[PDB]
């Protein structure tokens, strides 16, 4: 088959790709490097992270149904842990986990066939209690497998997006020193038992988009124009989320994230099941600031699950009008 190398782009952006397959089935070559480092989640909150390619989430890989994926996965000798990769996109051997367990100072090359259209989680799954821990330390990302024929809608007609953003949501369980401030550690394995106690409560301390509170606000703010049709790909590897575009809708929404299923239309809020990725297409009609949230508003605001979209274009007063500005009684 033809082979194609890919240069990965950190999220929320996506490496170049076609929607409808230009050619026939190819072998997609990706490479990633595992990086264990301490990341900042908030004003005063840090995480002993473990990443695919330095980012939470790991980067978006894009392919077409029928392609193959050949990934060189590498674990640099400065890392303290073994790691692997389970693609929910793949069939066999625990999604590839049973063939990619590599130690600090090793590499592995896995190939699988993308038989199934949709967005899918990939995450590290070293075995036993290492599974939850590596994932809640950030080791998860997404792979989107587009139908060859491009995206189809509910009645089977083509739909094309102008922009895909990859929203990687992730829940984290930072333990606290006695003083009620968040603990810091020199390495992950040092933080282990304290993180466990927090995990067993099933209450996350943080829940963030693209790695940290406010990561997709401020200079990280997502961008678009009125008339833009944007695909929002949203992953949650360990815990449910309920995405909502404040001031918008999901025009077409595959909440279970698999493109040969009919999308739902006109959604206020949709549902991403822990261990999955979903996709919502929206065409912006109104300019201005939007928020993209997890709509448990405690999770959106106290925990970190809020992104911003800045949209320019022409205001349409038909859709919305302030008839009487805030005047006194």
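Rigid core (definition): largest C-alpha set, two forms, superposition within 1.5 Å. Positions refer to the first chain, counted from 1.
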Check: So if we fit everything on the core, which stretch drifts more in 4 other deposited structures of this protein, 173 to 181 or 188 to 196, C-alphas only?
Finding: 173 to 181
Next item on the list: With reference to the PDB entry, specify whether the mean Cα temperature factor is higher for 74 to 82 or for 231 to 239.
Entry: 74 to 82
Item checked: Of 154 to 162 and 247 to 255, the stretch whose C-alpha atoms average the higher B-factor in the entry -> 154 to 162
Margin query: Can you tell me which of 168, 180, 118, 214 has the maximum CA B-factor listed in the PDB entry?
Written below: 180
Checklist line | Criterion, highest CA B-factor; candidates, 132, 141, 95, 104 | finding: 104
Item checked: Chain-relative CA temperature factor third for residue 33 -> highest
Note to self: Using the temperature factors of the C-alpha atoms in this entry, rank residue 65 within its chain: lowest, middle or highest third.
What the structure shows: middle
Notebook entry, point to check: According to the PDB entry, is the CA B factor of residue 53 in the bottom, middle or top third of its chain, that is, lowest, middle or highest?
Noted result: middle
Notebook entry, point to check: What third of the chain, by the recorded C-alpha B-factor, contains residue 311?
Noted result: middle
Check: With respect to C-alpha B-factor, does residue 305 fall in the lowest, middle or highest third of the chain as deposited?
Finding: lowest
